[PDB]
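**Q** One file: upload32.cif (mmCIF, N, CA and C atoms).
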```
data_final
loop_
_atom_site.label_atom_id
_atom_site.label_comp_id
_atom_site.auth_asym_id
_atom_site.auth_seq_id
_atom_site.Cartn_x
_atom_site.Cartn_y
_atom_site.Cartn_z
N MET A 1 94.43 103.21 -146.70
CA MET A 1 93.90 104.10 -147.72
C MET A 1 92.37 104.10 -147.71
N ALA A 2 91.80 104.65 -146.65
CA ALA A 2 90.35 104.71 -146.51
C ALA A 2 89.76 105.82 -147.38
N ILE A 3 89.80 105.62 -148.69
CA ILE A 3 89.28 106.60 -149.63
C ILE A 3 88.31 105.96 -150.62
N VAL A 4 87.19 106.64 -150.87
CA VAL A 4 86.18 106.13 -151.79
C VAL A 4 86.23 106.88 -153.12
N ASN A 5 86.65 108.14 -153.07
CA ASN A 5 86.74 108.96 -154.27
C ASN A 5 85.37 109.15 -154.90
N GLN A 6 84.42 109.63 -154.11
CA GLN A 6 83.06 109.86 -154.59
C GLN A 6 82.77 111.35 -154.70
N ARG A 7 82.37 111.79 -155.89
CA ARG A 7 82.06 113.19 -156.13
C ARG A 7 80.72 113.57 -155.50
N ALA A 8 80.49 114.86 -155.32
CA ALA A 8 79.25 115.35 -154.73
C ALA A 8 78.99 116.80 -155.13
N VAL A 9 77.72 117.19 -155.11
CA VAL A 9 77.33 118.55 -155.47
C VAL A 9 76.99 119.37 -154.24
N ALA A 10 77.22 120.68 -154.32
CA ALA A 10 76.94 121.58 -153.21
C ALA A 10 75.50 122.09 -153.27
N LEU A 11 74.65 121.57 -152.40
CA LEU A 11 73.25 121.98 -152.35
C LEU A 11 73.12 123.40 -151.82
N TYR A 12 73.96 123.75 -150.85
CA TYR A 12 73.93 125.08 -150.26
C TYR A 12 75.34 125.55 -149.92
N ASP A 13 75.52 126.86 -149.83
CA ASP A 13 76.82 127.44 -149.51
C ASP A 13 77.09 127.36 -148.01
N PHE A 14 78.31 126.96 -147.66
CA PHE A 14 78.70 126.84 -146.26
C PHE A 14 80.09 127.43 -146.03
N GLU A 15 80.29 128.02 -144.86
CA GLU A 15 81.57 128.62 -144.51
C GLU A 15 82.22 127.90 -143.34
N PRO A 16 83.53 127.64 -143.45
CA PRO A 16 84.29 126.95 -142.40
C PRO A 16 84.47 127.80 -141.15
N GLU A 17 84.48 127.15 -139.99
CA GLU A 17 84.63 127.86 -138.72
C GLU A 17 86.02 127.60 -138.13
N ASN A 18 86.67 126.54 -138.59
CA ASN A 18 87.99 126.18 -138.11
C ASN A 18 89.05 126.39 -139.19
N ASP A 19 90.31 126.17 -138.83
CA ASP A 19 91.41 126.34 -139.77
C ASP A 19 91.73 125.02 -140.47
N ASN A 20 90.76 124.10 -140.47
CA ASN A 20 90.94 122.80 -141.10
C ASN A 20 89.69 122.39 -141.87
N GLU A 21 88.78 123.35 -142.06
CA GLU A 21 87.54 123.09 -142.78
C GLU A 21 87.58 123.70 -144.17
N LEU A 22 86.78 123.15 -145.08
CA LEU A 22 86.72 123.65 -146.45
C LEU A 22 85.44 124.44 -146.69
N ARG A 23 85.51 125.39 -147.62
CA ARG A 23 84.36 126.22 -147.94
C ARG A 23 83.50 125.57 -149.03
N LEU A 24 82.21 125.85 -149.00
CA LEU A 24 81.28 125.29 -149.98
C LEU A 24 80.33 126.36 -150.51
N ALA A 25 79.90 126.20 -151.76
CA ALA A 25 78.99 127.15 -152.38
C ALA A 25 77.95 126.43 -153.23
N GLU A 26 76.70 126.87 -153.12
CA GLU A 26 75.61 126.26 -153.88
C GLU A 26 75.96 126.17 -155.36
N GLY A 27 75.97 124.94 -155.88
CA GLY A 27 76.29 124.74 -157.28
C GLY A 27 77.75 124.37 -157.49
N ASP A 28 78.51 124.31 -156.40
CA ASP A 28 79.92 123.97 -156.47
C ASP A 28 80.13 122.46 -156.42
N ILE A 29 81.16 121.99 -157.10
CA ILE A 29 81.46 120.56 -157.14
C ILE A 29 82.60 120.22 -156.18
N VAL A 30 82.47 119.07 -155.51
CA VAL A 30 83.49 118.63 -154.56
C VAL A 30 83.67 117.11 -154.63
N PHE A 31 84.83 116.64 -154.17
CA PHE A 31 85.13 115.22 -154.18
C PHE A 31 85.32 114.70 -152.76
N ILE A 32 84.35 113.92 -152.28
CA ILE A 32 84.42 113.36 -150.93
C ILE A 32 85.45 112.24 -150.85
N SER A 33 86.61 112.55 -150.29
CA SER A 33 87.68 111.57 -150.15
C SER A 33 87.26 110.43 -149.22
N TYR A 34 86.58 110.79 -148.13
CA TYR A 34 86.13 109.80 -147.16
C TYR A 34 85.25 110.45 -146.10
N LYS A 35 84.30 109.68 -145.57
CA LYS A 35 83.40 110.18 -144.54
C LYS A 35 84.06 110.14 -143.17
N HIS A 36 83.74 111.12 -142.33
CA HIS A 36 84.30 111.19 -140.99
C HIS A 36 83.21 111.46 -139.96
N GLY A 37 83.47 111.07 -138.71
CA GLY A 37 82.50 111.27 -137.65
C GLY A 37 82.20 112.74 -137.42
N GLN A 38 81.41 113.02 -136.39
CA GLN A 38 81.04 114.40 -136.06
C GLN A 38 80.20 115.01 -137.17
N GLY A 39 79.71 114.16 -138.08
CA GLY A 39 78.90 114.64 -139.18
C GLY A 39 79.69 115.48 -140.16
N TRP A 40 80.97 115.19 -140.29
CA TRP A 40 81.84 115.93 -141.20
C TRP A 40 82.51 114.98 -142.19
N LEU A 41 82.57 115.40 -143.46
CA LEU A 41 83.18 114.59 -144.50
C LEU A 41 84.34 115.34 -145.16
N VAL A 42 85.47 114.65 -145.32
CA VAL A 42 86.64 115.25 -145.94
C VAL A 42 86.52 115.26 -147.46
N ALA A 43 86.33 116.45 -148.02
CA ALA A 43 86.20 116.59 -149.47
C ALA A 43 87.14 117.67 -150.00
N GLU A 44 87.41 117.63 -151.30
CA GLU A 44 88.29 118.61 -151.93
C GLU A 44 87.54 119.41 -153.00
N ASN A 45 88.08 120.57 -153.33
CA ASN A 45 87.47 121.44 -154.34
C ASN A 45 87.64 120.85 -155.74
N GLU A 46 87.21 121.60 -156.75
CA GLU A 46 87.32 121.15 -158.13
C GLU A 46 88.77 121.14 -158.58
N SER A 47 89.53 122.14 -158.15
CA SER A 47 90.94 122.24 -158.52
C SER A 47 91.70 120.98 -158.13
N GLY A 48 91.15 120.24 -157.17
CA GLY A 48 91.79 119.02 -156.72
C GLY A 48 93.08 119.28 -155.96
N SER A 49 93.33 120.54 -155.65
CA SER A 49 94.54 120.92 -154.93
C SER A 49 94.20 121.36 -153.50
N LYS A 50 92.94 121.71 -153.28
CA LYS A 50 92.49 122.14 -151.96
C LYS A 50 91.57 121.10 -151.33
N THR A 51 91.93 120.64 -150.14
CA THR A 51 91.14 119.64 -149.44
C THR A 51 90.80 120.11 -148.02
N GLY A 52 89.69 119.62 -147.49
CA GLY A 52 89.27 119.99 -146.16
C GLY A 52 88.01 119.28 -145.72
N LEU A 53 87.35 119.82 -144.70
CA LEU A 53 86.12 119.22 -144.18
C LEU A 53 84.89 119.96 -144.71
N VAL A 54 83.87 119.20 -145.07
CA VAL A 54 82.63 119.78 -145.59
C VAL A 54 81.41 119.09 -144.99
N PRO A 55 80.29 119.82 -144.93
CA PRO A 55 79.03 119.30 -144.39
C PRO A 55 78.40 118.24 -145.29
N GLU A 56 77.80 117.23 -144.67
CA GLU A 56 77.17 116.15 -145.42
C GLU A 56 75.70 116.48 -145.70
N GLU A 57 75.10 117.28 -144.83
CA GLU A 57 73.71 117.67 -144.99
C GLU A 57 73.58 118.90 -145.88
N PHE A 58 74.67 119.26 -146.55
CA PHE A 58 74.68 120.42 -147.43
C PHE A 58 75.07 120.01 -148.85
N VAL A 59 75.50 118.76 -149.01
CA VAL A 59 75.90 118.25 -150.32
C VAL A 59 75.05 117.05 -150.72
N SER A 60 75.18 116.64 -151.98
CA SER A 60 74.42 115.50 -152.49
C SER A 60 75.30 114.62 -153.37
N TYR A 61 75.53 113.38 -152.92
CA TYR A 61 76.35 112.44 -153.67
C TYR A 61 75.84 112.29 -155.10
N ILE A 62 76.75 112.44 -156.06
CA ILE A 62 76.39 112.31 -157.47
C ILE A 62 76.71 110.92 -158.00
N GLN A 63 75.91 110.46 -158.96
CA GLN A 63 76.11 109.14 -159.55
C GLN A 63 76.09 109.21 -161.07
N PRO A 64 76.64 108.18 -161.72
CA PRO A 64 76.71 108.10 -163.18
C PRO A 64 75.34 107.90 -163.81
N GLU A 65 74.59 106.94 -163.28
CA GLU A 65 73.25 106.64 -163.79
C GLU A 65 72.40 105.96 -162.73
N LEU A 66 72.73 106.20 -161.47
CA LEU A 66 72.00 105.62 -160.35
C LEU A 66 71.33 106.70 -159.51
N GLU A 67 70.50 106.27 -158.56
CA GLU A 67 69.80 107.21 -157.68
C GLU A 67 69.60 106.60 -156.30
N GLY B 1 95.09 112.09 -138.15
CA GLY B 1 94.82 112.71 -139.43
C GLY B 1 95.07 114.21 -139.42
N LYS B 2 95.01 114.83 -140.59
CA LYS B 2 95.23 116.26 -140.71
C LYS B 2 94.02 117.04 -140.19
N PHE B 3 92.88 116.86 -140.84
CA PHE B 3 91.66 117.55 -140.44
C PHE B 3 91.07 116.92 -139.18
N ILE B 4 90.52 117.76 -138.31
CA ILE B 4 89.92 117.29 -137.06
C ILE B 4 88.83 118.24 -136.58
N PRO B 5 87.61 118.07 -137.11
CA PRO B 5 86.46 118.90 -136.75
C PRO B 5 85.99 118.64 -135.33
N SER B 6 85.73 119.71 -134.59
CA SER B 6 85.26 119.60 -133.21
C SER B 6 84.05 120.48 -132.97
N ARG B 7 82.95 120.16 -133.63
CA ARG B 7 81.72 120.93 -133.49
C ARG B 7 80.60 120.33 -134.34
N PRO B 8 79.34 120.58 -133.93
CA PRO B 8 78.17 120.07 -134.64
C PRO B 8 77.97 120.75 -135.99
N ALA B 9 77.79 119.94 -137.03
CA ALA B 9 77.59 120.46 -138.38
C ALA B 9 76.30 121.26 -138.47
N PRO B 10 76.25 122.20 -139.43
CA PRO B 10 75.07 123.05 -139.64
C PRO B 10 73.88 122.28 -140.20
N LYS B 11 72.76 122.96 -140.35
CA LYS B 11 71.55 122.34 -140.88
C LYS B 11 71.03 123.11 -142.09
N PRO B 12 70.42 122.37 -143.04
CA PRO B 12 69.87 122.96 -144.26
C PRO B 12 68.63 123.80 -143.99
N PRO B 13 68.26 124.65 -144.96
CA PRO B 13 67.09 125.53 -144.85
C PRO B 13 65.78 124.75 -144.89
N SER B 14 64.67 125.47 -145.00
CA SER B 14 63.35 124.85 -145.05
C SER B 14 62.70 125.06 -146.41
N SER B 15 63.04 126.17 -147.06
CA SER B 15 62.49 126.49 -148.38
C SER B 15 62.77 125.36 -149.37
N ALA B 16 64.05 125.18 -149.70
CA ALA B 16 64.45 124.14 -150.64
C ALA B 16 64.12 122.76 -150.10
#
```
The structure given in the file should be rewritten as structure tokens.

**A**
Amino acid sequence: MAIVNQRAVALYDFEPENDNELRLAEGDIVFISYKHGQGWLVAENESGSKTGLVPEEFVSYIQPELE
Amino acid sequence: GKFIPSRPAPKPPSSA
């Protein structure tokens, strides 16, 4: 169970190129299930029902009171 | 695993 369950914010909008990638939009919230190689991270949408791959250089890990 | 990306991730803009 390699999952961290860390939320993240969408800094910029991104579109998937494969049939296994997830879409992203500036201001959109996502949950990074776990980091993956190739510079791709598996995250899910807000609905929590849609999961896929998202860019790491396009999102920003959110924290409760840390930086 | 289910997902399997095979390509270089994009890059952010310069403005922001």

**Q** If we count only C-alpha atoms and set the cut-off at 12 Å, which residues sit around residue A:47, ignoring sequence neighbours fewer than 3 positions away in its own chain? Please answer as a compact mmCIF listing (two decimals) with N, CA and C atoms, in the coordinates of the input.

**A**
```
# COMPACT_ATOMS: atom_id res chain seq x y z
N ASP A 28 78.51 124.31 -156.40
CA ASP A 28 79.92 123.97 -156.47
C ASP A 28 80.13 122.46 -156.42
N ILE A 29 81.16 121.99 -157.10
CA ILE A 29 81.46 120.56 -157.14
C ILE A 29 82.60 120.22 -156.18
N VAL A 30 82.47 119.07 -155.51
CA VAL A 30 83.49 118.63 -154.56
C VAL A 30 83.67 117.11 -154.63
N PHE A 31 84.83 116.64 -154.17
CA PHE A 31 85.13 115.22 -154.18
C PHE A 31 85.32 114.70 -152.76
N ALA A 43 86.33 116.45 -148.02
CA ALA A 43 86.20 116.59 -149.47
C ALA A 43 87.14 117.67 -150.00
N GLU A 44 87.41 117.63 -151.30
CA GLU A 44 88.29 118.61 -151.93
C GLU A 44 87.54 119.41 -153.00
N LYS A 50 92.94 121.71 -153.28
CA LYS A 50 92.49 122.14 -151.96
C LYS A 50 91.57 121.10 -151.33
N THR A 51 91.93 120.64 -150.14
CA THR A 51 91.14 119.64 -149.44
C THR A 51 90.80 120.11 -148.02
```

**Q** Taking (80.4, 122.9, -135.0) as a centre in this file's frame and 9 Å as the limit, can you find every polymer residue with an atom that close, using only C-alpha atoms, and give them as a list in words?

**A** residues 17, 18 and 38 of chain A; 5, 6, 7, 8, 9 and 10 of chain B

**Q** Chain A: which residues are strand (DSSP E) by DSSP, as a VMD selection string?

**A** chain A and resid 6 to 10 29 to 36 40 to 44 51 to 55 59 to 61

**Q** What do you get, as a list in words, if you spell out every residue that the PyMOL selection byres ((chain A) within 8 of (chain B)) selects here?

**A**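 That expression, the PyMOL selection byres ((chain A) within 8 of (chain B)), corresponds here to residues 12, 18, 19, 20, 21, 37, 38, 39, 40, 42, 52, 53, 54, 55, 56, 57 and 58 of chain A.
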
**Q** For each of A:48, A:64, A:1, A:27, take the minimum atom-to-atom distance to residue A:13, counting only N, CA and C atoms, then give the residue where this is smallest.

**A**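 Closest candidate: A:27.
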
**Q** Please indicate the distance in Å from atom N of residue A:16 to atom C of residue A:63, rounded to one decimal place.

**A**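 Atom C of residue A:63 lies 26.6 Å from atom N of residue A:16.
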